[PDB]
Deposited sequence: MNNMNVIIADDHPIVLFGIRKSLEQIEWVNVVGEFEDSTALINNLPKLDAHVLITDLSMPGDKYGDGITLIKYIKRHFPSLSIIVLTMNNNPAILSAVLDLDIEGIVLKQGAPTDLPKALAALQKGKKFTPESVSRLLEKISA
């Protein structure tokens, strides 16, 4: 089974991300944080496998960059509306596990977790721009 921490400043978004993982039997939800400070302080005392999170919780890159330095066991899925590869190229340079897009994240968010379980990244369709480059 997998142990997922959801992290976003909107409650309904947390409700959404959670309810999309509800029907999945092999996924157990272990936390719902509405600010980085709470998440950071409960990250040592939670044994978790995946952090689903938005960038806003520039500032999100710093958060991720910190979490990578001190919690490398944990893998991170990043939600984002922006498909601007300028952003998403820099996101992948941090060496995160996956990127769902908020537009139809509910659907693809299960499939990202499934890829992560098998040691496979979830890089979306717009990677063709990074591969063209």
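When the deposited sequence is numbered from 1, the segments without any C-alpha atom are 1-2, 60-64, 141-143.
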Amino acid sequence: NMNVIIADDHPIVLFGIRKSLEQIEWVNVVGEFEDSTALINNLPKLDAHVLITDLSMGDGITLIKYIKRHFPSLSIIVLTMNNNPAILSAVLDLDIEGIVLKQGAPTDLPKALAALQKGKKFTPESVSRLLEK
From here on, numbers count along this sequence of modelled residues.
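Mean CA temperature factor is higher for 118-126 when stretches 10-18 and 118-126 are set side by side in the entry. Across the residues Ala48, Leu39, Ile52, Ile99, the deposited record lists the maximum Cα B factor for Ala48.
Ranked against the other modelled residues of its chain, the C-alpha B-factor of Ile76 as given in the entry falls in the middle third.
For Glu32, the recorded CA B-factor ranks within the lowest third of the chain. Only modelled residues enter the ranking.
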